[PDB]
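Beneath this line is the structure, given in C-alpha cells, with notes to follow.
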Amino acid sequence: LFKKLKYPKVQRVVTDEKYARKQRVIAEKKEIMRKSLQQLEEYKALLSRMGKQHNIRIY
Amino acid sequence: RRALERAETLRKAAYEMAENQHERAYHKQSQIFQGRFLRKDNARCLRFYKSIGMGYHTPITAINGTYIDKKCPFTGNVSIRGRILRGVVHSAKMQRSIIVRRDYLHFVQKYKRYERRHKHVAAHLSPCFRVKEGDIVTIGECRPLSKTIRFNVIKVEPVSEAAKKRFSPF
Amino acid sequence: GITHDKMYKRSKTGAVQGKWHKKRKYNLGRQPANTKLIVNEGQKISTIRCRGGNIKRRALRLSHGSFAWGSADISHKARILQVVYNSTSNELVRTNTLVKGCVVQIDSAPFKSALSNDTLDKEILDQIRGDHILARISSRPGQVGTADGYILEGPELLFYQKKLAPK
Amino acid sequence: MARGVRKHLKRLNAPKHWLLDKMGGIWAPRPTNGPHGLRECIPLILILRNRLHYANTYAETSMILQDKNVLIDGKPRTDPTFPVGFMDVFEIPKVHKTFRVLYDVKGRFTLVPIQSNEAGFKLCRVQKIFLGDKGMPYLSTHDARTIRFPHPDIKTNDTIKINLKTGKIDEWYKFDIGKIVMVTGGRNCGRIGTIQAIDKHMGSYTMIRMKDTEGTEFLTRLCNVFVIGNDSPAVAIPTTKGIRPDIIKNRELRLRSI
RNA sequence: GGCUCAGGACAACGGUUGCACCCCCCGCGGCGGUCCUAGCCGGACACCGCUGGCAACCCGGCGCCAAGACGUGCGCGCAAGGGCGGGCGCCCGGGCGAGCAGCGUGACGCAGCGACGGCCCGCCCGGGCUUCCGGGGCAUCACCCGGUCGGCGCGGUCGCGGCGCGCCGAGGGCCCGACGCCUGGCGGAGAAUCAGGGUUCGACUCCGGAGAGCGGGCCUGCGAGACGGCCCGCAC
Ligand SMILES: [Mg+2]
Ligand SMILES: [Mg+2]
Ligand SMILES: [Mg+2]
Ligand SMILES: [Mg+2]
Ligand SMILES: [Mg+2]
Ligand SMILES: [Mg+2]
Ligand SMILES: [Mg+2]
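If you're matching them up, the sequences are chains A, B, C and D in order. Residues 150 to 151, 184 to 240, numbered by full-length UniProt numbering, are exactly what the first sequence covers, in order. Plus 62 on top of the position in the second sequence (first one is 1) and you've got full-length UniProt numbering. Residues 2 to 40, 47 to 174, numbered by full-length UniProt numbering, are exactly what the third sequence covers, in order. Note that full-length UniProt numbering gives residue 215 to position 215 of the fourth sequence, counting from 1, and the numbers run on in steps of one.
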C-alpha cells in the first residue's frame, strides 16, 4: 500500500546489521562443523591399534 | 560328538513341545532366534546362558537343561544385585517358588538378655534346583517379581531328612 | 481416578490396610486404546502428554506394518488381513484387536513379487504361493503407534498350525 | 510430601563446616546448581562477606558481583549464590589477589594465595567414562565438566590437568600406590598422605590405606581420594603439610596464641 | 514459604541398600551435518474508537495496528519403536562383581530445531518405588484371608509389580500371639526425674508425613489429584 511529528516505527526491514549478523552466524556454524570434522579425523587417525565404533555419516 | 548329542537333545525338546497342544501358548527363550532349529549343522548356539558373577558357578543342569524360565538368574532376563542372604527351606508347595526361614537375635538392654526371632522370605526357585524342606539355600536380590517376591535362589546345600530342627542363624 | 497404588490392597496375611492419604497423580492410569484393524475411514493415531512433557501415542486404527523374514533376510511392508489366534482370549480374535503377540495373516504379494522360485524354507514358499502368510506382532500398539512383526517358522509355526488347523 | 523442589534453607540445617552463627538469622543462603553440589561447596557471598570482609551486607555483595570484580576460572560470575568448590581459582584483579580453594586440616575450606605460573589451570578428578551420542567416548569430572575424545590411557579415578584459557588436557596422573593424595571428605578431610594398599570388596566400597609423612596411618573409601601429583604435590598447599594435631597440641597452640 | 495434628497402628517414621525397572525446571559444561519470498513470509486478537444490554457479577457487535506471541518454513539423513549379528564344562575392553552399552545391516516413520538456531547429552538438587533391622494395648479377640498365595499372556504406567483383565493351580499367615477391637495414637532428633539400673512424656523451634468444612473429579504446567486454581453432591 503505497507540535511534533509522530510516525509508526517500521518493522520487518532488513538493514545492514541484520545481514552481518546472519553471515556471522552462518560462518560460525560452518567453522564449528569444520572443527568437529577435523577432531574426528585426528582421533580416527589415532587409535591405529584399537577398534572403534562411531556412526558413519551417510551420503 | 559331544556337542552334536546336545544339539539333538535340545532340538527334540522344541518339537515335542509343539505337540503339547494342551498349552495355550508356545514358550521360548527370548534371546534365541527361532529358525536356527531348521539348520542341520551345529554351526549356531541353540541355548542361552550367562554367569551371575560374584564367584558363583553356573550349574550344568541349566546349561544342558531343556526348560524355559524367564525369571531364572542363569537362563532368564533378571540380574542379581544388592544383598546375599542364607536360610533354611520352610515350604515348597508353589509352582516355582518357596518360603525361606531366617533366624536372628534381638537384644533387650533392660534385662541384658536376648530373644530368638524369625522372619519368612519368599523367593523364586528355578527348575535347575531341587529342594526339600530343611535344606540351606542362598538367595540374591532382584527387581520385584511379584507382590511378595524380591529374591532368587542361587545355591542349594542338601540336608538329611529326619535331622533335628535347630535354631541356625546365618 | 484409575490408580495402580498398592494402598487399596490387602496384606500378605489377608488383613485390610487403612487409607492414610488421598489419591496421587504419580500413580494414575488410563483406559486401553483397543487398537482395531481397519479390514471417514483411515489410519488414526492419537498423542498423549505424559509425565515430564514426554509424548506417547496410541493407535486406534491401522492397516499396514513392516514384517521381516529372518532366515532369508527379506523385509517388506505388508497389509494385515485379519487376526486368527490369540493366547489370551477368543473375544479379542473375534473383534480383530491388535496387541503384542497376536497371530495375523498378511498379504503375500510383496514376498511373492520376488524369490518365489529361490530354494528357501519350503514351509514358507507354499504360503507364498497362496494369498496369506502367518505372522506375529512384536511391537506394542497403544504405546508407540505401530504394528510390526516377523514371519513365523520353526517349532512355533508347527505349534500354531496344529492349534488352528482342526477349527 | 512437598509438591516440588525446595528453594529455602534454614540456618540450623546448613552444613557445619560453613561456620554460620546460630543467632545470625533464621535463614541461610541456598546455593544454586552448578559445578559443585550443596554438601561439597560454599556460596560466594560467604567468602565475600564473612571471610574477606569486603562487604557488610547482601546488597554490597550483589553490587560488587554485578560490577564483575570477581573471576572464577577466568569467567566473571554475577550470582551471589554461585557454588565454589575444591581446587578452584579465585582471582580478584582489582586488588591483585589470587587464591586457590582447598581444605584445611580441620576440615574446612581455605584460600591459598598462589602465583601466576600456576594460576592458569586446575586439577580435576575423573569419575565416569561413558559413550555419548553416536558412540563417541566421553569423560566427566567432579566439577561437572565433560571432555570429548580423551586419551585411551586415561581411566577412572585419575587426575587431569586442564588449561583454563582453552580447557584442554595437558597431562594426567595415574591412580596407583606411592602417589601423594589429599582427602576430600569424611573424618580425614584435609590430610595429605601416600597410598600404601588398595583393597577391593566385591559389590561394595573399595578401601584405600595411606600413611602420613610423620608416620600416621588412616583409612578412607575411594570415593573421596584425590591425587594431587606424583610423590610431590603439583599445586601449592597450605602452610601445614596436611598434618592434623592432637587435642593437647592444639590446646598448647591456643594458649601460646593467648 | 506460613498454619495445624483430623486421619492413619507390619502403615507413617528412624538407620541401612538399590534402580542392570525410573522422571527431573533453573543452573554449569559440552554438543550443534535435518531427504523430498530468506535484503527477511501470512492472518489474527489484546489495549483503544463507535455503538449497547444488566440491580450487581458480567459481557456483546463493527472497526485500522505489534511481536523474543501464533502458523508455514530455506536446511550436509535423522526422533521413537521393530528383525538379524558371541560361546561348546567354568574362570583368567567404553564399562561392570555381573552379556551391559554402542555399532553394522534389512525394513518402516518423517517426530523435534530453524523470519535475530537449539533439538540432544552429562552433572546437580528433588522426587518415585525398593532390600535388612526396629516400630502401642486387649486372649471375657484362637483361628484368619478367597485377587486372598503363586504361574502364564496382554494392557496401563516415567517405571517394576495381582496394578487391572483372561486362563491355570492351589496356596498364604498364626501362642516367637495371626485376625479382630480400642486409643483423650502424628513419628524422630529429644524433655522431666536422679547413686547405678530405670519410669513417664514427646501439640510446639530441626527433619519427615498428612490436611485445608465432608466426599470425589480435573485443566495448566518440568513439577499439583493445588484449594488465597476450576466442576459436582451434601451441610452451612
Ligand atoms: Mg525438507
Ligand atoms: Mg516463529
Ligand atoms: Mg488423632
Ligand atoms: Mg514440617
Ligand atoms: Mg496439600
Ligand atoms: Mg484440592
Ligand atoms: Mg497455598
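For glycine and all other residues, C-beta sits at the position ideal for the given N, C-alpha and C.
Use the C-beta contact count for residue 120/C: other C-beta atoms within 10 angstroms, 16 or more gives buried, fewer gives exposed. exposed
Give the interface partners of residue 77/C over in chain B, defined as CB-CB distance under 9 Å, in chain order. 95, 96, 97
Where residue 41/D and residue 195/D are concerned, what is the direct C-alpha to C-alpha distance, given to the nearest angstrom? 26 Å
For a cutoff of 8 Å on Cβ pairs, would you count residue 219/A as touching chain D? no
Nearest to residue 213/D by CA position, among 236/D, 199/D, 181/D, is which residue? 181/D
I'd like to check one pair, residue 145/D with residue 235/D: are the Cβ atoms closer than 8 Å? no
Is there a C-beta anywhere in chain D that falls below 8 Å from the one on residue 231/A? yes
Measuring alpha carbon to alpha carbon, tell me which of 20/C, 78/C, 98/C ends up nearest residue 132/C. 78/C
Within 8 Å of any Cβ in chain A, is that where the Cβ of residue 152/D sits? yes
Pull out every residue of the region 117 to 142 of chain D whose Cβ sits closer than 7 Å to any Cβ of chain A, in chain order. 134, 135, 136
Identify the continuous alpha helix (DSSP H) that holds residue 182/D and give its terminal residues. That residue, residue 182/D, is in no alpha helix (DSSP H); its beta strand (DSSP E) goes 180 to 183.
Partners in chain D for residue 224/A, counting only beta-carbon separations shorter than 8 Å: 149
According to the neighbour-count rule (16 or more other Cβ atoms, all chains shown, within 10 Å of its Cβ), is residue 43/D buried or exposed? buried
Whole-angstrom distance between residue 174/C and residue 157/C, CA atom to CA atom: 24 Å
Measure how close the beta-carbons of residue 180/B and residue 163/B come, nearest whole angstrom, since I'm counting them as under 8 Å. 6 Å
Beta carbons nearer than 9 Å to chain B: which residues of the region 4 to 31 of chain C have them? 7, 10, 13
Inside the region 140 to 165 of chain C only - beta strand (DSSP E) runs reaching at least 3 residues: 156 to 158
What's the gap between the Cα of residue 29/C and the Cα of residue 58/C? 11 Å
Excluding the 5 residues flanking residue 85/D on each side, which residues of the same chain have their C-beta closer than 7 Å to its C-beta? 35, 36, 40, 41, 101, 143
State the DSSP-derived secondary structure class of residue 108/D, mapped to helix, strand or coil. coil
So if I threshold CB-CB distances at 7 Å, which residues from the region 189 to 219 of chain D count as touching chain B? 202, 203
Cβ-based neighbour list, residue 206/D, same chain, cut-off 8 Å, excluding 5 preceding and 5 following: 198, 199, 200, 221, 222
Residue 222/B vs residue 150/B beta-carbon contact at 8 Å: no
Taking the Cβ atom as the reference point for each residue, do residue 139/D and residue 162/D lie within a distance shorter than 8 Å? no
Between residue 212/B and chain C, is any beta-carbon pair separated by less than 8 Å? no
Hey, residue 76/D and residue 45/D: beta-carbon distance below 8 Å or not? no
Does DSSP put residue 200/B in a helix, in a strand, or in coil? strand
Contact belief for residue 30/D with residue 7/D at Cβ below 8 Å, rounded distance in angstroms: 6 Å
What are the start and end residues of the alpha helix (DSSP H) that includes residue 213/D? That residue, residue 213/D, is in no alpha helix (DSSP H); it is neither H nor E in DSSP.
Counting Cβ pairs closer than 8 Å, one from the region 157 to 171 of chain D and one from the region 123 to 130 of chain D, do we hit at least three? yes
Determine contact between the region 157 to 171 of chain B and the region 98 to 116 of chain B, defined as no fewer than three beta-carbon pairs at a distance below 8 Å. no
Given residue 27/D, which residues of its chain have a CB within under 8 Å of its CB, disregarding the five upstream and five downstream residues? 8, 9, 10, 11
Less than 8 Å between the C-beta atoms of residue 38/C and residue 93/C, yes or no? no
Rounded to whole angstroms, what is the Cα-Cα separation between residue 196/A and residue 190/A? 14 Å
Shortest alpha-carbon distance to residue 108/C belongs to which of 163/C, 51/C, 60/C, 128/C? 163/C
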